[PDB]
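Data block below; observations after.
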Amino acid sequence: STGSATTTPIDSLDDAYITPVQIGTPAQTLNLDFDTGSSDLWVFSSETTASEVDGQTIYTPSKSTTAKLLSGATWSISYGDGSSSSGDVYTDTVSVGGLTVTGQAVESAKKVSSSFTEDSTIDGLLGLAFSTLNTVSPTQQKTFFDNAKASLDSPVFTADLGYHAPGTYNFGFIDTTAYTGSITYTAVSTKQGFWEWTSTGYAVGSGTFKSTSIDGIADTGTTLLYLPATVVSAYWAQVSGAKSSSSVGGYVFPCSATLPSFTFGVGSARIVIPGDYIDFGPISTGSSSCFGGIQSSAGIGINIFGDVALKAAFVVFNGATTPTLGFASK
């Protein structure tokens with residue numbers, strides 16, 4: 001089997017991408033944030049505290065003839081951005097782009113933190129990291145990809161995120177029309193539950209490539225590219241007037257600037273992030289100070305190849321017995 005679904009930016013900045021997901025019988029369609037950095041499929045639901053729902057579409061398990069309460073199971077998660085959610089668990093039928101999993105754990109939110117409430121465009125998350133990170137207790141649950149893997153034509157999914165435009169998540173096949181050149185594959189460590197790999201270096205603009213190992217995670221659920229402070233400083237030094245602002249919370253630059261591209265290494269290959277992809281617009285409405293899309297990871301504990309980096313590539317998440325990642329230009 002295979003699946004194919006279009007993923008759409010939630011706003012004009014590509015702050016996140018939503019993908020329609022069919023849950024239950026008859027189908028209830030929710031727009032979920034596919035997140036290769038976490039491993040819980042959770043949704044706004046009929047159980048969510050009413051004051052914490054503000055325009056999201058909700059899953060109502062009592063209206064699904066295939067929903068079954070997973071007795072005793074609870075979940076609770078906190079994300080790197082400080083957001084969080086928690087609740088109970090149903091199993092139900094979940095389909096993504098024509099690909100159907102029966103008995104998927106659908107984590108029903110009883111509580112969500114304010115950032116989820118305030119984003120009416122995201123009805124939940126669909127985690128695509130490794131199932132070892134799933135928060136369901138006392139019986140940990142598998143991700144949608146893990147449940148579908150054995151049925152897929154090939155044990156892979158691919159992320160093809162658009163710049164200011166829709167893109168695609170495919171399951172079970174690699175669309176050879178969707179990229180240019182060849183796909184370069186690179187080793188993955190699953191030790192932290194993430195799609196963790198090691199980039200071979202970087203270049204800023206037309207500058208020379210610096211060969212250096214940068215361990216980090218391929219995370220579709222993070223907007224920006226978070227890299228070591230040395231790398232980030234080297235990038236922003238090429239932008240007149242750019243500075244790190246503690247009050248704003250990262251690097252800002254004059255909205256009048258033209259940004260240089262940023263290249264990252266995948267083995268011997270190179271992926272070029274155009275400069276425009278690194279512009280996240282005024283820090284506040286009407287400001288002439290703009291927020292940068294490359295930021296320091298010094299305060300995180302890990303480097304994050306977020307959407308800024310991933311949307312410059314066609315990315316293969318290879319879930320073979322030994323997982324690997326693949327990157328192609330497009």
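FYI, nothing fancy with the structure tokens labels: chains A, B, ... in order, residues from 1 per chain, ligands from 1 as they appear.
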
May I have a table of the residues of range 200-247 of chain A lying at most 10 Å from range 185-190 of chain A, giving each one's closest pair of atoms and their distance in Å to one decimal, counting only C-alpha atoms, ordered by chain and ascending residue number, as a tab-separated table?
residue	atom	partner	partner_atom	distance
A:215	CA	A:189	CA	9.8
A:216	CA	A:188	CA	9.9
A:217	CA	A:188	CA	9.2
A:218	CA	A:188	CA	10.0

Any chance you could tabulate, as JSON lines, the residues of range 124-167 of chain A at most 12 Å from range 291-308 of chain A with each one's nearest atom pair and distance in Å to one decimal, using only C-alpha atoms, in chain and rising number order?
{"residue": "A:159", "atom": "CA", "partner": "A:307", "partner_atom": "CA", "distance": 10.1}
{"residue": "A:160", "atom": "CA", "partner": "A:307", "partner_atom": "CA", "distance": 10.1}
{"residue": "A:161", "atom": "CA", "partner": "A:307", "partner_atom": "CA", "distance": 7.5}
{"residue": "A:162", "atom": "CA", "partner": "A:307", "partner_atom": "CA", "distance": 9.3}
{"residue": "A:163", "atom": "CA", "partner": "A:308", "partner_atom": "CA", "distance": 8.7}
{"residue": "A:164", "atom": "CA", "partner": "A:308", "partner_atom": "CA", "distance": 11.1}
{"residue": "A:167", "atom": "CA", "partner": "A:307", "partner_atom": "CA", "distance": 11.9}

Could you write those residues out with C-alpha atoms, as a CSV table (one decimal), in the first residue's frame?
chain,number,residue,atom,x,y,z
A,159,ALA,CA,8.6,15.0,3.2
A,160,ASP,CA,8.4,17.5,0.4
A,161,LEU,CA,7.6,20.8,2.1
A,162,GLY,CA,6.9,23.9,0.0
A,163,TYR,CA,8.2,27.4,0.3
A,164,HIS,CA,5.1,29.6,0.6
A,167,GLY,CA,3.9,20.3,-0.6

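Here CA of residue 314 in chain A is placed at a distance of 17.2 Å from CA of residue 37 in chain A.
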
Give me the residues near range 277-281 of chain A as an MDAnalysis selection string, where near means some atom within 9 Å (using only C-alpha atoms) and where sequence neighbours in that chain fewer than 2 positions away do not count. chainID A and resid 13:15 163:164 224:225 253 255 259:262 273:275 283:285 287:294 308:309 311:312

Which one is closest to residue 222 in chain A: A:80, A:155, A:181, A:124? Count only C-alpha atoms.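 The answer is A:80, which sits nearest to residue 222 in chain A.
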
Which neighbours of residue 213 in chain A fall inside 9 Å, counting only C-alpha atoms, when residues of the same chain fewer than 2 positions from it are skipped, and could you give them as a PyMOL selection string? chain A and resi 198-201+211+215

Give me a file of those residues, with N, CA, C and O atoms, as a short mmCIF file (atom, residue, chain, number, x, y, z; two decimals), in the first residue's frame.
data_model
loop_
_atom_site.label_atom_id
_atom_site.label_comp_id
_atom_site.auth_asym_id
_atom_site.auth_seq_id
_atom_site.Cartn_x
_atom_site.Cartn_y
_atom_site.Cartn_z
N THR A 198 24.19 13.44 10.89
CA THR A 198 25.36 14.32 11.02
C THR A 198 25.61 14.97 9.67
O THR A 198 26.05 14.31 8.72
N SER A 199 25.34 16.26 9.60
CA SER A 199 25.69 17.04 8.42
C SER A 199 27.21 17.19 8.34
O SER A 199 27.90 17.27 9.35
N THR A 200 27.71 17.27 7.12
CA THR A 200 29.14 17.33 6.85
C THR A 200 29.69 18.75 6.76
O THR A 200 30.90 18.92 6.57
N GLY A 201 28.85 19.78 6.88
CA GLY A 201 29.35 21.13 6.99
C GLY A 201 28.36 22.14 6.45
O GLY A 201 27.19 21.84 6.26
N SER A 211 34.05 22.22 6.10
CA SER A 211 33.83 20.83 6.46
C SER A 211 33.86 20.70 7.98
O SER A 211 34.89 20.96 8.61
N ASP A 215 25.85 17.35 14.28
CA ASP A 215 24.83 16.37 14.64
C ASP A 215 23.52 17.11 14.90
O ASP A 215 23.49 18.11 15.60
#

Can you list, as an NGL selection string, every protein, DNA or RNA residue that comes within 12 Å of residue 148 in chain A when you count only C-alpha atoms, leaving out same-chain residues fewer than 2 positions away? :A and (1-3 or 93-96 or 98-104 or 128 or 142-146 or 150-157 or 171-172 or 319)

So which bits of range 53-267 of chain A end up strand (DSSP E) when you DSSP the backbone, as an MDAnalysis selection string? chainID A and resid 68:78 84:96 99:112 124:127 156:160 167:171 184:187 196:204 210:218 225:227 243:245 250:254 262:266

Given only C-alpha atoms, how would the per-residue table for range 153-214 of chain A near range 237-240 of chain A read, listing every residue at most 12 Å away with its closest atom pair and distance in Å to one decimal, sorted by chain and number, as a tab-separated table?
residue	atom	partner	partner_atom	distance
A:203	CA	A:238	CA	11.5
A:204	CA	A:238	CA	7.9
A:205	CA	A:238	CA	8.4
A:206	CA	A:238	CA	10.7
A:207	CA	A:238	CA	10.0

Do you have the CA of residue 228 in chain A-CA of residue 315 in chain A distance handy? 22.2 Å

Using DSSP assignments from the backbone, pull out every residue in range 16-217 of chain A that falls under helix (DSSP H, G or I) and give it to me as a ChimeraX atom specification. /A:50-52,61-63,114-117,131-133,144-151

Next, the residues of the selection above should be written as a short mmCIF file (atom, residue, chain, number, x, y, z; two decimals), in the first residue's frame with N, CA and C atoms.
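Wrote again07.cif, looks like this:
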data_model
loop_
_atom_site.label_atom_id
_atom_site.label_comp_id
_atom_site.auth_asym_id
_atom_site.auth_seq_id
_atom_site.Cartn_x
_atom_site.Cartn_y
_atom_site.Cartn_z
N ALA A 50 -13.39 23.18 27.33
CA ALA A 50 -14.04 24.05 26.34
C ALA A 50 -13.32 25.39 26.21
N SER A 51 -12.86 25.97 27.33
CA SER A 51 -12.15 27.25 27.27
C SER A 51 -10.83 27.17 26.51
N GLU A 52 -10.33 25.97 26.21
CA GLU A 52 -9.05 25.78 25.55
C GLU A 52 -9.20 25.44 24.07
N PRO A 61 -15.05 10.97 19.69
CA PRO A 61 -15.03 9.50 19.57
C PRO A 61 -16.40 8.85 19.67
N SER A 62 -17.34 9.45 20.40
CA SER A 62 -18.65 8.84 20.56
C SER A 62 -19.43 8.78 19.26
N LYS A 63 -19.05 9.58 18.27
CA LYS A 63 -19.63 9.55 16.93
C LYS A 63 -18.93 8.60 15.97
N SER A 114 -1.67 27.20 26.01
CA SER A 114 -2.23 28.34 25.31
C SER A 114 -1.79 28.43 23.86
N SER A 115 -0.57 28.02 23.53
CA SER A 115 -0.13 28.18 22.15
C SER A 115 -0.95 27.30 21.21
N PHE A 116 -1.38 26.13 21.67
CA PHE A 116 -2.26 25.32 20.83
C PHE A 116 -3.64 25.96 20.71
N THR A 117 -4.19 26.45 21.82
CA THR A 117 -5.48 27.12 21.77
C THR A 117 -5.45 28.28 20.78
N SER A 131 8.88 5.29 17.84
CA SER A 131 7.82 5.04 18.81
C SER A 131 8.34 4.98 20.24
N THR A 132 9.64 4.81 20.43
CA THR A 132 10.23 4.87 21.76
C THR A 132 9.98 6.20 22.47
N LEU A 133 9.64 7.29 21.76
CA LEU A 133 9.32 8.57 22.40
C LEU A 133 7.84 8.73 22.74
N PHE A 144 1.78 6.20 13.67
CA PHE A 144 1.06 5.85 12.45
C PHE A 144 1.98 5.16 11.46
N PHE A 145 3.19 5.71 11.26
CA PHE A 145 4.15 5.09 10.35
C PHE A 145 4.55 3.70 10.83
N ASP A 146 4.83 3.54 12.12
CA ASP A 146 5.21 2.23 12.63
C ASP A 146 4.10 1.22 12.39
N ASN A 147 2.84 1.61 12.63
CA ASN A 147 1.71 0.71 12.40
C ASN A 147 1.53 0.38 10.93
N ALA A 148 1.81 1.31 10.03
CA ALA A 148 1.58 1.06 8.62
C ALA A 148 2.76 0.37 7.92
N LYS A 149 3.93 0.38 8.54
CA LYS A 149 5.19 0.04 7.87
C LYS A 149 5.09 -1.29 7.13
N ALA A 150 4.62 -2.32 7.82
CA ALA A 150 4.63 -3.67 7.25
C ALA A 150 3.76 -3.77 6.00
N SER A 151 2.72 -2.95 5.90
CA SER A 151 1.82 -2.97 4.76
C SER A 151 2.32 -2.12 3.60
#

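From CA of residue 276 in chain A back to CA of residue 241 in chain A, the distance works out to 16.9 Å.
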
For residue 179 in chain A, list every protein, DNA or RNA residue within 8 Å, evaluated using only C-alpha atoms, and leave out those in the same chain fewer than 5 positions away; present the list as a list in words.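 Final neighbour list, sorted by chain and number: residues 313, 314, 328, 329 and 330 of chain A.
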
Nearest-residue call for residue 97 in chain A, choices A:127, A:20, A:72, A:26, using only C-alpha atoms: A:20

Tell me, as a ChimeraX atom specification, which residues lie within 7 Å of residue 66 in chain A, counting only C-alpha atoms; anything in the same chain fewer than 2 positions away does not count. /A:24-25,64,68,92-93

So that I have them on file, write out the residues from the current selection with N, CA, C and O atoms, as a PDB file, in the first residue's frame.
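The file below, part07.pdb, is the result:
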ATOM      1  N   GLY A  24     -11.722   7.811  12.268  1.00  0.00           N
ATOM      2  CA  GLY A  24     -13.016   7.286  12.672  1.00  0.00           C
ATOM      3  C   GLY A  24     -13.919   6.903  11.519  1.00  0.00           C
ATOM      4  O   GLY A  24     -13.591   7.040  10.333  1.00  0.00           O
ATOM      5  N   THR A  25     -15.085   6.377  11.910  1.00  0.00           N
ATOM      6  CA  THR A  25     -16.114   5.906  10.985  1.00  0.00           C
ATOM      7  C   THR A  25     -17.466   6.443  11.443  1.00  0.00           C
ATOM      8  O   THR A  25     -17.917   6.112  12.556  1.00  0.00           O
ATOM      9  N   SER A  64     -17.870   7.924  16.400  1.00  0.00           N
ATOM     10  CA  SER A  64     -17.169   6.963  15.562  1.00  0.00           C
ATOM     11  C   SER A  64     -17.516   5.550  15.997  1.00  0.00           C
ATOM     12  O   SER A  64     -17.258   5.167  17.141  1.00  0.00           O
ATOM     13  N   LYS A  68     -12.631   2.946  20.217  1.00  0.00           N
ATOM     14  CA  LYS A  68     -12.665   2.152  21.440  1.00  0.00           C
ATOM     15  C   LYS A  68     -11.752   2.815  22.454  1.00  0.00           C
ATOM     16  O   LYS A  68     -10.586   3.074  22.151  1.00  0.00           O
ATOM     17  N   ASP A  92      -8.663   3.850  16.940  1.00  0.00           N
ATOM     18  CA  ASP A  92      -9.622   4.078  15.865  1.00  0.00           C
ATOM     19  C   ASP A  92      -8.905   3.903  14.534  1.00  0.00           C
ATOM     20  O   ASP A  92      -7.672   3.784  14.466  1.00  0.00           O
ATOM     21  N   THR A  93      -9.690   3.963  13.475  1.00  0.00           N
ATOM     22  CA  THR A  93      -9.150   3.903  12.127  1.00  0.00           C
ATOM     23  C   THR A  93      -8.693   5.285  11.699  1.00  0.00           C
ATOM     24  O   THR A  93      -9.436   6.270  11.834  1.00  0.00           O
TER      25      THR A  93
END

For residue 70 in chain A, which residue out of A:56, A:139, A:85, A:22 is the nearest one, using only C-alpha atoms?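 Once distances to residue 70 in chain A are computed over only C-alpha atoms, the minimum belongs to A:139.
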